[PDB]
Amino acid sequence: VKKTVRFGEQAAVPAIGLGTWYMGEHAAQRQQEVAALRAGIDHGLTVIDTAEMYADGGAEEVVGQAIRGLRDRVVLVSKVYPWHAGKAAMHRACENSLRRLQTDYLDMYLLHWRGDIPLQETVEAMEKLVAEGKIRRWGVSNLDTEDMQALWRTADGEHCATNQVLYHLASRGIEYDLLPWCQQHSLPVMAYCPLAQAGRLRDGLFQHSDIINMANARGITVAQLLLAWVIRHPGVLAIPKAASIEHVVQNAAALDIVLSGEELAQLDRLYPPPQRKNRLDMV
């Protein structure tokens, strides 16, 4: 079973990509960050996820340096603050992102979350960037099932190419409603915080005996086990962030893992799937 995802105008991207939140904050780390991204590309991870938010442009500048001369090898995803996502301001947000990335187009551009602009106006603005050639496709982030239904209802809202939401073993709420909805509409989901921020989100995911034993039993690390879990089913593209080369190399290698039913059942007993609607986890 191929560990790829149909994503925008790309027929198949690898199901693990590269996050950039917390890159670009410190000048002393820029070279290390550039190297971690290039390592990911060198290991076949092509999707890079960033945002105008991240270090106020800084992460985008890091990405732009990392991808110099490699633009055709990568699938670039950035995001626009909702307060920019309207007729007036959208072009400037997009143009500023493109300047920092030093590329003339994005593969995907996401509404970072839903603000006060009516969705119809954001959709029209995204469609204009598509017609101009500045973005190949648009999508959204942090939209729950109700918001996705509202979007679908808008003119051209069905062109939405992805929804990026929080998903990991210890926060599975999207499995009740949102993922099935996405699955029904052939919409790929981008899973952010797929490592729960290396466990910092949920106390003891990493420090868990049965998960530690399970990873040891196949000679993988817990992080790899958690990533393979996130991408176990089609239609989900995980975007772990790694500034460490050792970590990027691990993360790419998690594309080669096949979890058994026995293993997946054990994991469900440790962190059961949701049996009701849950508010969309975000962070």
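Numbering starts at 1 and follows the sequence shown.
The stretch with the higher mean CA B factor, choosing between 267-275 and 12-20, is 267-275.
Look at the mean CA B-factor for 184-192 and for 78-86 in the entry; the higher one is 184-192. Set against one another, the Cα B-factors of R30, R218, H43, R68 in the record reach their highest point at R218. Reading the B-factor column for the CA atoms of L129, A198, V123, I117 in the entry, the top value corresponds to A198. Annotation for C160: CA B-factor lies in the middle third of the chain's modelled residues.
Annotation for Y176: C-alpha temperature factor in the highest third relative to the rest of the modelled chain, per the entry. In the PDB entry, a CA B factor belonging to the middle third of its chain's modelled residues is recorded for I231. Annotation for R92: C-alpha temperature factor in the middle third relative to the rest of the modelled chain, per the entry. For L98, the recorded CA B-factor ranks within the lowest third of the chain. Only modelled residues enter the ranking.
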